[PDB]
Amino acid sequence: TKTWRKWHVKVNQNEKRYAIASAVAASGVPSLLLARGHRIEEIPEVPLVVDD
Amino acid sequence: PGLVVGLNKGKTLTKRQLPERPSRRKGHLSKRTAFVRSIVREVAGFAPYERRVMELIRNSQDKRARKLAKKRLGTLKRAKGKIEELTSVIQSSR
Amino acid sequence: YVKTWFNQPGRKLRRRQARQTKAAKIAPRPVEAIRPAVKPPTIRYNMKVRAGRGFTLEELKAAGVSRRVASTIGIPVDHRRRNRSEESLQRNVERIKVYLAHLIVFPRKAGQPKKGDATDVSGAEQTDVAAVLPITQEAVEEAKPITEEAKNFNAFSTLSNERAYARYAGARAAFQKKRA
Amino acid sequence: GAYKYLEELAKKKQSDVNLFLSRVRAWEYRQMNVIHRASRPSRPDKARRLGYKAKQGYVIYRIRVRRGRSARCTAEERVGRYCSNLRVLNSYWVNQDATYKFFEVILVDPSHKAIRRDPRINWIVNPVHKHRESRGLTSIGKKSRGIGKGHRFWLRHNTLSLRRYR
RNA sequence: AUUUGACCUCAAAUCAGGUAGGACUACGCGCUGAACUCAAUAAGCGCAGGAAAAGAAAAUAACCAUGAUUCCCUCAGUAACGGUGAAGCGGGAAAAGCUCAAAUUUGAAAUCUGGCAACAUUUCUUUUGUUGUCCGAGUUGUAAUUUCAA
RNA sequence: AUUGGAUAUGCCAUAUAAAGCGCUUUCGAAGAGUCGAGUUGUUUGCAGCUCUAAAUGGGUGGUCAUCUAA
């Protein structure tokens, strides 16, 4: 084994921003959270917003 | 003409006269160093190939004299630089 | 022989700390010196302006600050560069003037503002040069009215002529010198 | 100043006076040792313009080396090895004959206080200047290894730089 | 005759005070250098440091000109050579400039090591200096001014 | 317990001086067996050897431009 194996991988910035935007949109959906495994049965509202 | 092509090609701006740079001066002949060069000249003499050039020039065989001078030094400009100097010494001796 | 880059984040962090240490050590003054506006020396980049090494003696003298004190107040001096056009001259001159106008000098020995100093110096603050002196690019020409003599002027017809003049310049250069 | 006259006379090496002096001096150094102390430099103008001052701490050694690598560099290395408590400042050609070239090497005693208190030569006391003549940091050393400024004057090729992201 | 004193050269001292060796070697600078382009590699030899080396143009350019060195991306696998293989420019990291010889202080060697005696000071009774006095170095040039940007 | 740099404060210093800036009615010293040439050797650069320079001269780039080596 050598140290100059390709350890890091380059991702396009637009692809990264696409994934992050989809991840936020996914977090704003109740059903995806239940599949994720979060016990949010009695969470009052999704997306959840709290004051400053 | 403010043009990209031509013998005066390039942009046109207001040209400024640059101040004189002292390192451009080197090669000038100061009066004091010229005097000192005179003193060492009269106290040291001339090299053996110079003496041969005196003999060659006093015999008036200038072609061979410049040919051997170029052979001794290596460049035609140095050979000419020698010749004018030793002829200049020649009329001074005369 | 291979050169691996596994210390790239480490080098980046070390450089940032060195900048931070430099700023802490010499905080009263900006961490970057003033730099002159200079044009690249080629046909491919002569349309841009970048930061030169330092100002010249002619620019320093025209601005009124001596080459001796210029280093002390933070104005780098380049003894090799020379100004071949006034356009660059007053350009770098006005860079220094705005620098000096925004410059405040703390009096030495803290006894009195001897000639060139600042009376009130409590407003000290470390700010970068780029904010006060933002280096710009070559001025982009704005819309201008149609010029009639230029309209009659063809264009590359001339570039063909002065080109043909340039290529055969030696041809007529011979012609005149041989017939004269 | 007489050093101008000394310098201008040193230019003309084929002069009758220079030829006679060189032969007599070269003969004298022959039955002298291969490396021997010279209490006063034979070319004071050359020594001064090379960095030698007539003060306690500067040492002049004369060395003869046979002809037929750079003789000036070899002379500096041998003198430096022969005087191990001295830093080789510079060296200069003084004489030559059919087979022997003669050089004078200027050395400085870093342990002497007249050197350690002089700000114009204090740089040589630092340990980075031990055996400059052997590492190739003298005038003839730099010229021999080709150190210069210009297009006329390796590790960047034999390596293949592999960046993190590629 | 010859005795006395100088200068020059060269010796001797278990003279006073210092310094060099050897080791480590990953990185650094040189010398040298094969064989199966290999490779200015491995081996051999010399020499340092915390970095070393390089460094303030006897530099690029042919532009509206750039402006010490080093490193990185790019130039570019291009020019070039017959597989080898750059550099200028451009973008960054970092920036800091200088010192001598060459000219008379001639109304004044103004310079400096060492010995002796005090005064001190300390990472330190362990360090580093100051003054006075003597001898010496030094006019075959030590100080101050000048380094071409002038 | 050390220090590194600044601030306030006290005491010595000796300026009969030194330095920067604008002008010249002035002069402007600048590195030699070194550059360079021929030849042999090493990967233009370097070295050995024959020979050996100049002072608006010398080096570099295609009369001009830029630098000022030893």
# chains A, B, ... in the order shown; residues from 1 in each chain; ligands from 1

call {"tool": "interface_residues", "arguments": {"of": "chain C", "to": "chain F", "cutoff": "10 Å", "atoms": "only C-alpha atoms (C1' of nucleotides)", "output": "PyMOL selection string"}}
result
chain C and resi 25+61+64-69

call {"tool": "residues_around", "arguments": {"residues": "residue 131 (chain C)", "least_positions_apart": "6", "cutoff": "12 Å", "atoms": "only C-alpha atoms (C1' of nucleotides)", "output": "count of residues only"}}
result
5

call {"tool": "residues_around", "arguments": {"residues": "residue 60 (chain E)", "least_positions_apart": "5", "cutoff": "10 Å", "atoms": "only C-alpha atoms (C1' of nucleotides)", "output": "PyMOL selection string"}}
result
(chain C and resi 41) or (chain D and resi 150-151) or (chain E and resi 66-67+88-89) or (chain F and resi 61+66)

call {"tool": "select_by_dssp", "arguments": {"residues": "chain B", "states": "alpha helix (DSSP H)", "output": "PyMOL selection string"}}
result
chain B and resi 31-44+48-58+62-73+76-93

call {"tool": "residues_around", "arguments": {"residues": "region 14-16 of chain C", "least_positions_apart": "5", "cutoff": "9 Å", "atoms": "only C-alpha atoms (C1' of nucleotides)", "output": "list in words"}}
result
residues 9 and 21 of chain C; 93 of chain E

call {"tool": "write_last_selection", "arguments": {"atoms": "N, CA and C atoms (P, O5', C5', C4', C3', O3' and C1' of nucleotides)", "output": "PDB file, in the first residue's frame"}}
result
ATOM      1  N   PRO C   9      -3.767  21.549   3.975  1.00  0.00           N
ATOM      2  CA  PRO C   9      -4.478  22.286   5.035  1.00  0.00           C
ATOM      3  C   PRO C   9      -3.562  22.748   6.154  1.00  0.00           C
ATOM      4  N   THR C  21       0.188  36.454  13.424  1.00  0.00           N
ATOM      5  CA  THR C  21       1.305  36.871  14.264  1.00  0.00           C
ATOM      6  C   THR C  21       1.923  38.166  13.753  1.00  0.00           C
TER       7      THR C  21
ATOM      8  P     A E  93      -1.025  36.232  -1.761  1.00  0.00           P
ATOM      9  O5'   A E  93       0.034  35.254  -1.089  1.00  0.00           O
ATOM     10  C5'   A E  93      -0.383  34.035  -0.495  1.00  0.00           C
ATOM     11  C4'   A E  93       0.793  33.243   0.014  1.00  0.00           C
ATOM     12  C3'   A E  93       1.840  34.033   0.782  1.00  0.00           C
ATOM     13  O3'   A E  93       1.479  34.262   2.132  1.00  0.00           O
ATOM     14  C1'   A E  93       2.906  32.646  -0.801  1.00  0.00           C
TER      15        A E  93
END

call {"tool": "closest_atom_pairs", "arguments": {"of": "chain D", "to": "chain F", "cutoff": "7 Å", "atoms": "only C-alpha atoms (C1' of nucleotides)", "output": "Markdown table"}}
result
| residue | atom | partner | partner_atom | distance |
| --- | --- | --- | --- | --- |
| D:11 | CA | F:32 | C1' | 5.6 |
| D:49 | CA | F:31 | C1' | 6.7 |
| D:68 | CA | F:48 | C1' | 6.1 |
| D:69 | CA | F:47 | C1' | 5.5 |
| D:70 | CA | F:47 | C1' | 6.5 |
| D:144 | CA | F:46 | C1' | 6.0 |
| D:145 | CA | F:46 | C1' | 6.9 |
| D:146 | CA | F:45 | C1' | 6.0 |
| D:152 | CA | F:44 | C1' | 5.9 |
| D:153 | CA | F:45 | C1' | 6.3 |

call {"tool": "write_last_selection", "arguments": {"atoms": "N, CA and C atoms", "output": "mmCIF file, in the first residue's frame"}}
result
data_model
loop_
_atom_site.group_PDB
_atom_site.id
_atom_site.type_symbol
_atom_site.label_atom_id
_atom_site.label_comp_id
_atom_site.auth_asym_id
_atom_site.auth_seq_id
_atom_site.Cartn_x
_atom_site.Cartn_y
_atom_site.Cartn_z
ATOM 1 N N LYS D 11 47.705 45.474 -14.642
ATOM 2 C CA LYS D 11 47.050 45.140 -15.903
ATOM 3 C C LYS D 11 48.056 44.605 -16.914
ATOM 4 N N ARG D 49 41.051 45.402 -2.333
ATOM 5 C CA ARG D 49 39.812 45.318 -3.094
ATOM 6 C C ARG D 49 39.163 43.947 -3.005
ATOM 7 N N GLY D 68 48.327 21.646 -15.451
ATOM 8 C CA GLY D 68 48.147 20.459 -16.267
ATOM 9 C C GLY D 68 46.851 19.729 -15.975
ATOM 10 N N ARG D 69 40.679 20.525 -12.604
ATOM 11 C CA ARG D 69 39.828 21.405 -11.812
ATOM 12 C C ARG D 69 40.466 22.781 -11.665
ATOM 13 N N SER D 70 39.709 23.728 -11.117
ATOM 14 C CA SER D 70 40.196 25.096 -10.990
ATOM 15 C C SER D 70 41.353 25.156 -10.002
ATOM 16 N N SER D 144 32.848 28.429 -10.405
ATOM 17 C CA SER D 144 33.097 27.073 -10.881
ATOM 18 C C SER D 144 31.817 26.246 -10.937
ATOM 19 N N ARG D 145 30.912 26.431 -9.977
ATOM 20 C CA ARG D 145 29.649 25.702 -9.994
ATOM 21 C C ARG D 145 28.592 26.377 -10.859
ATOM 22 N N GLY D 146 28.909 27.516 -11.470
ATOM 23 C CA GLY D 146 28.008 28.138 -12.419
ATOM 24 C C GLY D 146 26.896 28.962 -11.822
ATOM 25 N N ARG D 152 21.597 32.000 -19.133
ATOM 26 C CA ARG D 152 22.775 31.161 -19.320
ATOM 27 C C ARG D 152 22.983 30.232 -18.131
ATOM 28 N N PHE D 153 22.799 30.744 -16.919
ATOM 29 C CA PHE D 153 22.959 29.942 -15.716
ATOM 30 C C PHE D 153 21.624 29.362 -15.262
#

call {"tool": "decode", "arguments": {"residues": "region 59-83 of chain B", "atoms": "N, CA and C atoms", "output": "PDB file, in the first residue's frame"}}
result
ATOM      1  N   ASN B  59      57.652  49.172 -40.650  1.00  0.00           N
ATOM      2  CA  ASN B  59      57.954  48.595 -41.950  1.00  0.00           C
ATOM      3  C   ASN B  59      56.809  48.805 -42.938  1.00  0.00           C
ATOM      4  N   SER B  60      55.649  49.260 -42.450  1.00  0.00           N
ATOM      5  CA  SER B  60      54.492  49.635 -43.267  1.00  0.00           C
ATOM      6  C   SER B  60      53.815  48.426 -43.907  1.00  0.00           C
ATOM      7  N   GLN B  61      53.923  47.263 -43.270  1.00  0.00           N
ATOM      8  CA  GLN B  61      53.184  46.073 -43.688  1.00  0.00           C
ATOM      9  C   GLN B  61      51.955  45.924 -42.786  1.00  0.00           C
ATOM     10  N   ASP B  62      50.950  46.748 -43.093  1.00  0.00           N
ATOM     11  CA  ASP B  62      49.805  46.907 -42.201  1.00  0.00           C
ATOM     12  C   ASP B  62      48.875  45.698 -42.261  1.00  0.00           C
ATOM     13  N   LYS B  63      48.743  45.071 -43.435  1.00  0.00           N
ATOM     14  CA  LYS B  63      47.853  43.919 -43.568  1.00  0.00           C
ATOM     15  C   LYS B  63      48.275  42.777 -42.653  1.00  0.00           C
ATOM     16  N   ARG B  64      49.543  42.374 -42.731  1.00  0.00           N
ATOM     17  CA  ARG B  64      50.047  41.338 -41.838  1.00  0.00           C
ATOM     18  C   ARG B  64      49.985  41.792 -40.385  1.00  0.00           C
ATOM     19  N   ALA B  65      50.220  43.082 -40.142  1.00  0.00           N
ATOM     20  CA  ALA B  65      50.179  43.609 -38.782  1.00  0.00           C
ATOM     21  C   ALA B  65      48.794  43.452 -38.166  1.00  0.00           C
ATOM     22  N   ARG B  66      47.740  43.782 -38.919  1.00  0.00           N
ATOM     23  CA  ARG B  66      46.404  43.600 -38.362  1.00  0.00           C
ATOM     24  C   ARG B  66      46.035  42.125 -38.282  1.00  0.00           C
ATOM     25  N   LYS B  67      46.519  41.313 -39.225  1.00  0.00           N
ATOM     26  CA  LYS B  67      46.226  39.885 -39.197  1.00  0.00           C
ATOM     27  C   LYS B  67      46.823  39.223 -37.960  1.00  0.00           C
ATOM     28  N   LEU B  68      48.091  39.520 -37.659  1.00  0.00           N
ATOM     29  CA  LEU B  68      48.712  38.936 -36.476  1.00  0.00           C
ATOM     30  C   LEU B  68      48.131  39.519 -35.195  1.00  0.00           C
ATOM     31  N   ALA B  69      47.736  40.795 -35.217  1.00  0.00           N
ATOM     32  CA  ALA B  69      47.093  41.388 -34.049  1.00  0.00           C
ATOM     33  C   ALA B  69      45.771  40.700 -33.741  1.00  0.00           C
ATOM     34  N   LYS B  70      44.977  40.412 -34.775  1.00  0.00           N
ATOM     35  CA  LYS B  70      43.738  39.669 -34.571  1.00  0.00           C
ATOM     36  C   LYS B  70      44.021  38.263 -34.060  1.00  0.00           C
ATOM     37  N   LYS B  71      45.072  37.626 -34.581  1.00  0.00           N
ATOM     38  CA  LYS B  71      45.458  36.306 -34.096  1.00  0.00           C
ATOM     39  C   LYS B  71      45.853  36.359 -32.626  1.00  0.00           C
ATOM     40  N   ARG B  72      46.572  37.410 -32.224  1.00  0.00           N
ATOM     41  CA  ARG B  72      47.005  37.532 -30.835  1.00  0.00           C
ATOM     42  C   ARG B  72      45.819  37.754 -29.903  1.00  0.00           C
ATOM     43  N   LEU B  73      44.936  38.692 -30.250  1.00  0.00           N
ATOM     44  CA  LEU B  73      43.835  39.049 -29.359  1.00  0.00           C
ATOM     45  C   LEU B  73      42.666  38.079 -29.496  1.00  0.00           C
ATOM     46  N   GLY B  74      42.061  38.016 -30.680  1.00  0.00           N
ATOM     47  CA  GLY B  74      40.963  37.094 -30.899  1.00  0.00           C
ATOM     48  C   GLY B  74      39.778  37.679 -31.641  1.00  0.00           C
ATOM     49  N   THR B  75      39.597  38.995 -31.559  1.00  0.00           N
ATOM     50  CA  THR B  75      38.463  39.668 -32.175  1.00  0.00           C
ATOM     51  C   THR B  75      38.962  40.836 -33.011  1.00  0.00           C
ATOM     52  N   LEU B  76      38.248  41.122 -34.104  1.00  0.00           N
ATOM     53  CA  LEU B  76      38.662  42.204 -34.992  1.00  0.00           C
ATOM     54  C   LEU B  76      38.529  43.561 -34.312  1.00  0.00           C
ATOM     55  N   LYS B  77      37.497  43.738 -33.483  1.00  0.00           N
ATOM     56  CA  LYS B  77      37.316  45.020 -32.811  1.00  0.00           C
ATOM     57  C   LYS B  77      38.449  45.288 -31.827  1.00  0.00           C
ATOM     58  N   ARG B  78      38.906  44.251 -31.117  1.00  0.00           N
ATOM     59  CA  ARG B  78      40.072  44.410 -30.258  1.00  0.00           C
ATOM     60  C   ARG B  78      41.324  44.682 -31.080  1.00  0.00           C
ATOM     61  N   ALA B  79      41.465  44.003 -32.220  1.00  0.00           N
ATOM     62  CA  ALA B  79      42.622  44.237 -33.078  1.00  0.00           C
ATOM     63  C   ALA B  79      42.658  45.680 -33.561  1.00  0.00           C
ATOM     64  N   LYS B  80      41.511  46.203 -34.008  1.00  0.00           N
ATOM     65  CA  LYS B  80      41.444  47.607 -34.404  1.00  0.00           C
ATOM     66  C   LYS B  80      41.704  48.524 -33.215  1.00  0.00           C
ATOM     67  N   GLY B  81      41.137  48.191 -32.052  1.00  0.00           N
ATOM     68  CA  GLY B  81      41.368  48.999 -30.865  1.00  0.00           C
ATOM     69  C   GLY B  81      42.837  49.087 -30.509  1.00  0.00           C
ATOM     70  N   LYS B  82      43.552  47.968 -30.635  1.00  0.00           N
ATOM     71  CA  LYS B  82      45.003  48.014 -30.515  1.00  0.00           C
ATOM     72  C   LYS B  82      45.611  48.935 -31.563  1.00  0.00           C
ATOM     73  N   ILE B  83      45.281  48.716 -32.840  1.00  0.00           N
ATOM     74  CA  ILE B  83      46.022  49.381 -33.911  1.00  0.00           C
ATOM     75  C   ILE B  83      45.987  50.892 -33.730  1.00  0.00           C
TER      76      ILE B  83
END
